[PDB]
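Engineer: One structure, pasted below without further comment.
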Amino acid sequence: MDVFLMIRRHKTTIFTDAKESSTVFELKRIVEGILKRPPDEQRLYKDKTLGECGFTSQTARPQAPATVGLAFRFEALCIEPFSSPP
Amino acid sequence: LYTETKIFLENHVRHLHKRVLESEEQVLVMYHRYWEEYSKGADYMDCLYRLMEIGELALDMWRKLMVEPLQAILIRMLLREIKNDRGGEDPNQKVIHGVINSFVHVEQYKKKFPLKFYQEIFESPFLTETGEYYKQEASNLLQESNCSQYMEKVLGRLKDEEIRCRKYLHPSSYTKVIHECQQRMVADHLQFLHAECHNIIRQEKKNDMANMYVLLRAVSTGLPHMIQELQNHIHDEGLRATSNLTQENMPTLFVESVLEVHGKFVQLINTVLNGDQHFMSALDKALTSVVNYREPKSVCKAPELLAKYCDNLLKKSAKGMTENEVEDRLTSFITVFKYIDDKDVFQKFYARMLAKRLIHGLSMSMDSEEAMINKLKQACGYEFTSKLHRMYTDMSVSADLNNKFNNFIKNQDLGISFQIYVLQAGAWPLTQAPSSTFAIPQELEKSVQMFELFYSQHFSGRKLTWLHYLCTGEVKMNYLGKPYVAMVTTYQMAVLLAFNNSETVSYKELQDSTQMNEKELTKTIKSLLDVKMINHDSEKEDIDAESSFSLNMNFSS
Amino acid sequence: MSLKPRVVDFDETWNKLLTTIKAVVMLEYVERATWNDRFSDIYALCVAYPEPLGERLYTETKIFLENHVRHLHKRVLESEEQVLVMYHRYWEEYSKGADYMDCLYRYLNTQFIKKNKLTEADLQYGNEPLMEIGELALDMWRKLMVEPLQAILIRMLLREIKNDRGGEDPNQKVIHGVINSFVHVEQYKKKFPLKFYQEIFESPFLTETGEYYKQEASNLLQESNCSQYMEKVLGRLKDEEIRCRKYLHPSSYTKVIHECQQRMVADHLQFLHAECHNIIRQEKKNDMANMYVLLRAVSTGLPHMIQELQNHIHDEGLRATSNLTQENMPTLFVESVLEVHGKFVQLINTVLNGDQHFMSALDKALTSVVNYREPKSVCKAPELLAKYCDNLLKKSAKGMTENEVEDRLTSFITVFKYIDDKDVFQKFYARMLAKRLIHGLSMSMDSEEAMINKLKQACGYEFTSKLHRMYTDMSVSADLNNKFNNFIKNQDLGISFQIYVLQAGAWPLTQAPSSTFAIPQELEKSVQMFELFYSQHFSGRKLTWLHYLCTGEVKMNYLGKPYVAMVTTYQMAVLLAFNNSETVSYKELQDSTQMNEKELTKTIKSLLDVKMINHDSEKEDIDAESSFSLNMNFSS
Amino acid sequence: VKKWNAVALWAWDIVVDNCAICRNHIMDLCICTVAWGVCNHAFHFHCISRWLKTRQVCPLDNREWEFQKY
Amino acid sequence: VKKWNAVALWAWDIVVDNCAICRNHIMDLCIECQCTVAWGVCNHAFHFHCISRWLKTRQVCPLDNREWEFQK
Amino acid sequence: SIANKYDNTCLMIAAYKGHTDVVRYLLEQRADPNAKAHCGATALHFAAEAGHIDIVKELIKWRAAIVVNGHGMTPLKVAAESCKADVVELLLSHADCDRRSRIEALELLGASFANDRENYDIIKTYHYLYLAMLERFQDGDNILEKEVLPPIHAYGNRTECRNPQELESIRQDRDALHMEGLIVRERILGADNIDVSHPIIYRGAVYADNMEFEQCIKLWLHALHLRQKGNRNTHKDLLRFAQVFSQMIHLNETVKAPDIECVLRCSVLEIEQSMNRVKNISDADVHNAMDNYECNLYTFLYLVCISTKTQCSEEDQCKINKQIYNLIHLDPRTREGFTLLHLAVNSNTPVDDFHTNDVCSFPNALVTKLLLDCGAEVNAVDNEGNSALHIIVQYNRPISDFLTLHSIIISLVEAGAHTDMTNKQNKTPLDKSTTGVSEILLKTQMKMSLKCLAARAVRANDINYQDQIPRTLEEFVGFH
Amino acid sequence: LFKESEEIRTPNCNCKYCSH
Amino acid sequence: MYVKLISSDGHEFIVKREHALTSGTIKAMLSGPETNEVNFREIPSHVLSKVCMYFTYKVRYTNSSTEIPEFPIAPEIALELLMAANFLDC
Ligand SMILES: [Zn+2]
Ligand SMILES: [Zn+2]
Ligand SMILES: [Zn+2]
Ligand SMILES: [Zn+2]
Ligand SMILES: [Zn+2]
Ligand SMILES: [Zn+2]
Ligand SMILES: [Zn+2]
């Protein structure tokens, strides 16, 4: 019912929260608002409702947000993984 | 010669009438100028000609052949100029006033109808059109404005048309103009601000009442409405001041509650309302109802607390407030004392409470007590405090009688100082008349003998009463290791007599000393047991003649 | 990272910090990357792994700040006529410098400075101690710049203010800033934050305040008139209360205004009480407003002014009632005293703001007016208030409407409160209620009830216990008289008696004679009729039957035309013995009258006054022998 | 013949009977016209005079005795 | 025996001799008993039996001329 | 003659009881009755103390000698102090005597009966003081004046009488005969290391019975000093000293002056210091002194109990607060931990002698508050590893004194109590607390940080802390 | 009702003033 | 109304203003002499991930009656489990 959302595109990473009832189109709009891009150049891509994708408040947590995934152009994903722990 | 002069006057009037009709839209100025010429010539020539006077006939001719024929035109001119002046346009004031004075002068000689022609030619249509203009203007203002600005503009206009009338109008018609404008302005809208007033009075905004009251006083029919409305308002506030008071400190706050409300509300009437009496009377009615209602469930508690309230000043109190400030609160207390519902209810309270004052010497100063007595007298007559005065004289005399007893002592032992108080039952209300008989102890047995000789030589046809139960005295118990002083009653002291000789005493003996019934003496010994000076030899609560009691050798007091 | 580095030579890394902090505390443009690197380096130092390095930093920064302050002071001093102007700018810079410096490094402020400190306990109970950076950087601006220039700056600032008593003001904000800096220097202290500002600024200011206005007041008073001086003073206090709002800390207005008061007015007060006599006497209005406002600051001002005002009323009270119209003793009196109390009420609310004290003065003022007047012996004043209440309630042609009389009784109460001995008033009022209503009604029943209603609430609730039932007593009169008529139905000259049922000890008629005139002769049927009806309805109570002094109308039948004239029980019965015989001997009446001769012949003498009989014996005194004859010519 | 007015003073029967100081008829009998004062106490006039010449104070409340009206 | 103060009332007896109801001394018993004594809030004193008799005959005070009452 | 450690020989203790039959054999056995004790007493001196005329008969038969002991008192004055007039009569009848001690003894003999606890006699007070005074004025040539002593607030500014006229005029006032006697004893026995405390306690106790609390306090105040000159423990005198205030303060007679309490506490300041200094003197022997030391510690609380109830201007507390911090900085160390803050909050069981009442209550709210108002160390830890909040949660009857239990926690979270602390075996404040309602208030006052319990994860792993952490942070590992 | 200190004399040190 | 955190590893996390204003030292840098700029040069990226998560935790689950869920800390912590708040005053 509430899922914390993680934006991974190359270096950048963006944090916030949204409701499952929201649609992909609204999240597209939020991304455009925060990054100043047109919707066509935006392409949302996980690895009417955010729950129609397979997400739940049980998997996603304020402290343990379920790993999600996104990308940007129509170039494929290029995500640098975090550093290895010592 | 007079008739021939009239003929030539007709001739010149005809000439001037032709000259006037020749004038195109210039009729007013030239006619006025020829009017002054005519008037001055008439003055000269009537001074020459000093059946009726030539001057009056000349004035009548002047009026008949110009004023009457040209009356429609001149009236239209006047109404147009008046409408212009209402619109801010400035006409020739000199011409207008001069023509008005011409109307005044033409019919001035005739004792009958001095301005009636003057009124009918101009005043009636003028008033009609002016009333119509105020009707239209007031409708326009009410359509697109609120009450306050409308009233302020009405006042400003009232002054402006007053100025204009003083510029032109005769002194007689100011009242008529004011009446007609008043009828036009308010006669149709004085019933809307009567409901709004309830919010205005609730708003408690100082300027709001003042802005409304300036003209609400002028209108008559509305005046009763606010008076009740204001009376209801303060009555609503008064009951609000009743609720927040607590029961524990009720006597002190009750005085403060009315004072805190009375003080702040009176100045409101003086400032905004010019301190009219009618509003003050309404306050008293509601406040009396506030006083009439009693927050404590006990009836007449407000008079009941009042005696205790006054007793605080009356009783010797640690940290005494300034006697000057005391006089101030006492004079303030008089203001409340009017609102009392029943004085005799308070009088009963005051008398009973006053009893303890000379019992225990609660009053710090005897003169302060006297001040109230004089203050009360000025309020409600002599008979209201007849006993309250004879009683005071009774105690002051006792000082000399004790000295006369001291003189009698010179005229003359228990070894113990004996004190005497002499009173009067009619002055001093003690309904408790003891029916039982008490045997006097040995020590007072001496005191009785000398008093009779003392009393006989000084007083005749008299009698004195001995109430022993009310007598109180402190007694120090000697046999205690640490001496202790405790106040005990005389009836106890009679019972206390048999404890010194024998520690354990049966109940039967003490009745012989008291010579009064054991059932009431049972409460006496029971009262002694609770003090625990003696410890009962029987654990039972009930006390009979058989039961004995053991003296407590180690009792501490 | 962020671990312990093995070695860091502060002798090497200190130079970057010394390069950047000097720039920072002078408000030049700094660079962000250097800004973060400086935090990095400070954390790196604050924990040096071989030996923690805490105090060297402290010492170096102290010395650096001290040198900077002195270097500023040297340029500050050698500048004439601009010393405070430049002081302003330098202070305004260094202030913000201090806060930015504190906000730069905090880790030292909170992990090595705090843990070794001195509590306020030992401070109260008691080597220079350790202390936080910001307040050190601020405090060092005391022991170097303020003390050596203290005298110069105080003198210059006082010169500026002294010139500012003139209309123009050289400058508005600079002096405000230099004054306000004194307070803010001592931001952190345990107690008495204002002690410095009070110690080094207040005293010269207050002492200089007095003399300027002392001299100005002298100059004004020596060549000014009382009203002129009174007007002049009010402006200057407002001027100074405006002035203090600029150049001072707000919490010192009170002492300044207070000193102005005690040096402007209170020391010239001997002059103000000198003219307080006249200004009241000419009844002038304007000076009241000024005189009242000015005194209340000093305590002793009011008492003399009140006592003077009161003595003015006492004259106007009596002179308004010097002489009275004999025709209108009740009317003229109440009308005069009523208005004087009216007019002086408006004055108090108009000008003196309705002080509670003044309204007390009026009450004692009039109690010397109404409660007594010197002539006409004593007690003449309180009695006549009845007569005004009598005729106002007597049947008056063109009688005032019920509304206006009602208000008339409401206005009557105000005069009532002043009369002292109300006891005599009751006795005079009761006698009236007797003779009014029995002889002839005067006003409607409700109106007569209205007066009783006010008195009941007015004073002494239930000393009007007497007379209260009287209104009810006549009310029930005819009502039961109907019940008497019912018995009359079951069982004469058309005569019915009033019921006279009313309490003893009230309604005072008294006048009990011994003779009692015996009984009427013409008829006795009347008496028994009452008793029979009365006995069954009333039992266990007495019978009074005061048959004398009982009014009754008579229809005499000796003339052709009977006439209506008042006749009393004693008199009319004597007339009845005259019906049969024109000439009657004296002794015959005494057999019938059974009453004292003086009053018998006094009633007969009453006959002679009306000339209704002719005495046969010439001498006016009548004995038993003397006879008398009927008056045939008499008509009524 | 047109109208009479009959007046008197009505009260209880046994509350007041005679003079308190001297139990005699209220008129011309004492062990005497009715006397009145400020305190308004009535006793036999001979008794009034004798008491006054013994004690000028009121017999009931020891107040001043002035002959008010009767 | 350390200290004693005397309080005394001064009055007379010649003023009142008998009950207004029982026609016998108020202190003494009522005519029926020769008892009990009652008091009203107007401080009028009569025998309780006298008061009860008068009240059952009439609910009027002998002196105050109102509804007779009991203070205690 | 072989004696004990205190040099009391066999025949020294024979005459102590008074059985002359044994002593009669001993002296006839050529035994010396003049052997000196540890102070220096002799059988005659014991006979002077004992006052048995029977034993002295054998002593005079065997020519016993006069010896002054270490206290500096003659046996002739000992009989005067022993209140044995008959033995005085015999020794005044003795062939060899010195008149110097006779006057000195008789003046003290007169002061002996006046100040006597049980055998007090005012007749012997005047009779023997007058006889001694006449011995001074027995000769006009030599005029002996009883030297006056400096006026004292304890003595009420009285000087020693010098003439019979003064003595004759003061026969009327019993206390004046009482009051003069103390000066005689003080003047004479001041040089001697001999106490005069017993008379002053008798005077105060009677004054305690006579409501003369003003005099008894001042009289004992000098008696406090009298104990000090003799280097004698005042704690027993202090033990009764506190109990005196314990009654009348409860009775609310007068609580006017706390500045005197400053003098009282300043007096016990060095006493506790000396008590602490005594602890420094001996280590094993102070085992029982610990309780007396604890008693002095208890008096502190009871003094605070009085200090809490009494109120005055802040300057008096400023005088009071100064020496408090001295106690604070001085070691409050107690066995099994339990410093004063520990002992102030817990059930303060060692209370008695009217202190087991409302004056000294176990929950004591304000006293714990005022201890923090003094500024003691909040985070002190017992050897058990217990904290300040480790004890307050361990409180029975939470409903009783509910406001007090709430009130203490209000201040304790302030001034730096570490919210959750574990020492030795794991003891979270939740764990130590056993009452749910109390734990609720603990939950209300929590404040969430990061490391304050995040570090606790490392104990679950327990990697090497040392040489991997800054210097100051190493304790946060230790705390958790 | 008011108690008194014991002041028990030590048998070994028989002198009153010297107490332990 | 947005702030950016940069690390030594090149990554750039962005969150809202208040979540950053939780700490003290962060406001210290932001108070020093449009999108603002902050640079931590001496820290890896793992700890910044965790610190952002804690910001979310504190802002959400403050002072709520419902039981607060636990935080799944990792095994390999060592230094940050102390220094995290000893340098970022958190
Ligand atoms: Zn007679
Ligand atoms: Zn009589
Ligand atoms: Zn009388
Ligand atoms: Zn009776
Ligand atoms: Zn009876
Ligand atoms: Zn009655
Ligand atoms: Zn922690």
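If you're wondering about the labels, chains in the structure tokens are A, B, ... by order shown, residues count from 1 in each chain, ligands from 1 in order shown.
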If you take only C-alpha atoms and a cut-off of 10 Å, which residues of chain H touch chain C, and what are their nearest atom pairs and distances in Å to one decimal, in chain and number order, as JSON lines?
Structural biologist:
```
{"residue": "H:24", "atom": "CA", "partner": "C:106", "partner_atom": "CA", "distance": 9.8}
{"residue": "H:25", "atom": "CA", "partner": "C:106", "partner_atom": "CA", "distance": 8.2}
{"residue": "H:27", "atom": "CA", "partner": "C:103", "partner_atom": "CA", "distance": 9.7}
{"residue": "H:28", "atom": "CA", "partner": "C:103", "partner_atom": "CA", "distance": 6.4}
{"residue": "H:29", "atom": "CA", "partner": "C:36", "partner_atom": "CA", "distance": 7.5}
{"residue": "H:31", "atom": "CA", "partner": "C:103", "partner_atom": "CA", "distance": 8.0}
{"residue": "H:32", "atom": "CA", "partner": "C:100", "partner_atom": "CA", "distance": 7.5}
{"residue": "H:33", "atom": "CA", "partner": "C:30", "partner_atom": "CA", "distance": 6.7}
{"residue": "H:37", "atom": "CA", "partner": "C:32", "partner_atom": "CA", "distance": 8.4}
{"residue": "H:38", "atom": "CA", "partner": "C:36", "partner_atom": "CA", "distance": 8.1}
{"residue": "H:39", "atom": "CA", "partner": "C:36", "partner_atom": "CA", "distance": 6.6}
{"residue": "H:40", "atom": "CA", "partner": "C:36", "partner_atom": "CA", "distance": 7.2}
{"residue": "H:41", "atom": "CA", "partner": "C:37", "partner_atom": "CA", "distance": 7.7}
{"residue": "H:42", "atom": "CA", "partner": "C:1", "partner_atom": "CA", "distance": 6.5}
{"residue": "H:43", "atom": "CA", "partner": "C:1", "partner_atom": "CA", "distance": 6.5}
{"residue": "H:44", "atom": "CA", "partner": "C:1", "partner_atom": "CA", "distance": 8.2}
{"residue": "H:79", "atom": "CA", "partner": "C:3", "partner_atom": "CA", "distance": 8.2}
{"residue": "H:80", "atom": "CA", "partner": "C:2", "partner_atom": "CA", "distance": 9.4}
{"residue": "H:83", "atom": "CA", "partner": "C:2", "partner_atom": "CA", "distance": 8.0}
{"residue": "H:84", "atom": "CA", "partner": "C:2", "partner_atom": "CA", "distance": 9.9}
{"residue": "H:86", "atom": "CA", "partner": "C:107", "partner_atom": "CA", "distance": 8.9}
{"residue": "H:87", "atom": "CA", "partner": "C:43", "partner_atom": "CA", "distance": 7.8}
{"residue": "H:89", "atom": "CA", "partner": "C:107", "partner_atom": "CA", "distance": 9.0}
```
Engineer: Name each residue within 7 Å of ligand 3, counting only C-alpha atoms and all ligand atoms, as a VMD selection string.
Structural biologist: chain D and resid 39 to 41 58 to 63
Engineer: Would you kindly return, as a ChimeraX atom specification, each protein, DNA or RNA residue with an atom no farther than 9 Å from any atom of residue 12 (chain G), considering only C-alpha atoms and excluding same-chain residues fewer than 5 positions away?
Structural biologist: /F:4-6,8
Engineer: Rounded to one decimal place, report the CA of residue 241 (chain C)-CA of residue 85 (chain C) distance in Å.
Structural biologist: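 Between these atoms lies a distance of 26.3 Å.
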Engineer: When DSSP works through the backbone of this structure, what residues of region 241-305 of chain F end up as helix (DSSP H, G or I), shown as a ChimeraX atom specification?
Structural biologist: /F:241-251,259-281,287-305
